[PDB]
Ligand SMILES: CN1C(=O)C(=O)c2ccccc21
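Quick heads-up: it's one chain on its own, the form deposited without the ligand, in structure tokens.
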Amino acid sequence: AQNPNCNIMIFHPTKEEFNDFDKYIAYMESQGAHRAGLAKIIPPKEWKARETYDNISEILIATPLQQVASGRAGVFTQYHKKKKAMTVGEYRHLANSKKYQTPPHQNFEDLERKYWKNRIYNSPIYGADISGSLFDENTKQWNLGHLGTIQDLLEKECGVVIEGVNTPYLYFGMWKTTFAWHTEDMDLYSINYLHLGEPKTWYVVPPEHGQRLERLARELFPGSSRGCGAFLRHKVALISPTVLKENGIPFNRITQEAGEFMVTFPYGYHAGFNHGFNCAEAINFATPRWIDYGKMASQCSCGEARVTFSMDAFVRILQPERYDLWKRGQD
């Protein structure tokens, strides 16, 4: 078995290997990358996402989200308070302000220490989940707006044509902005490109151990767990690496820098934080190997998770027994 310790793997494809996206994902899996739940892909030196980032300041963040924490430093939830619209240029200036800027630090490890010590005492503002793309239309390789769609994959594997669409999302971050512990909708893959700015630190639990994280989460968030049998789908719970280690949960960590891709694999729980002002693009995708994960994915039906239009068909076709309850949660 390749990668039996489930380490995060880093890949350096050549420009020739960067042509065929599906082929390369399958290659990474042949080497055991998916066992980690997360892999890093460093693009060939010849590649670029676009020519410059000099002209992005007029993008609008219609609903910036202030991430307010509750709990203790290593075990907390966050809720998202909606703020007034602002442009990317305004948000960048806010991120760089004395109130929100990255503190002085020695290295990524020092900064990580500071994050987990102090995160709860601040409320950073995240420009998350903005439909759009920063890839140039002429970028032919690993362009996240030109990937094969999940609806086409389901049709190719299973024969059923379905409605829905699959487009990327932009994320503008600042110091301490946080992504809570989650797997993707329908336990899909994700791919994330860090276009510019400061790094993003990731934590990940191997897919084969995801239920160990779920069991800890039910212990640590006992009210939430009574409310919903899949409350991690709400994407609000944080657990620090120290707490995970104290509880014997297998996990790994890595820091993504500008110019790098990360892929999350089906049922790979992940969480993390941004180091300072940055912009990422991410989208979900599927492969043939995903279908069995999609059929077994948990679902939130309590009403909290509320998701895209396109998840309807995935539940309807892959999980017809669950469909009626899940759709009630959507309504």
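Residue positions are given as counts along the sequence shown, with the first one as 1. Residues that one form lacks are left out of the comparison. Superpose the two forms; the largest set of C-alphas matching within 1.5 Å is the rigid core.
The same protein also exists as the form solved in complex with the ligand; that form is not shown, yet it is the one meant from here on.
Take the ligand as it sits in the deposited bound form, overlay the site C-alphas onto this chain, and 3 or more of its atoms land within 2.4 Å of the backbone or a C-beta, so the site here is blocked. At a distance threshold of 4.5 angstroms between non-hydrogen atoms, residue 41 is out of contact with the ligand in the deposited bound form. Contacts of stretch 273-304 with the ligand in the deposited bound form, defined by any heavy atom lying within 4.5 Å, are made by 299, 300, 301, 302, 303, listed in sequence order.
Shifted segments between the shown form and the other one, defined as at least 3 consecutive common residues whose CA atoms all move 2 Å or more after rigid-core fitting, occur once only, at 324-329.
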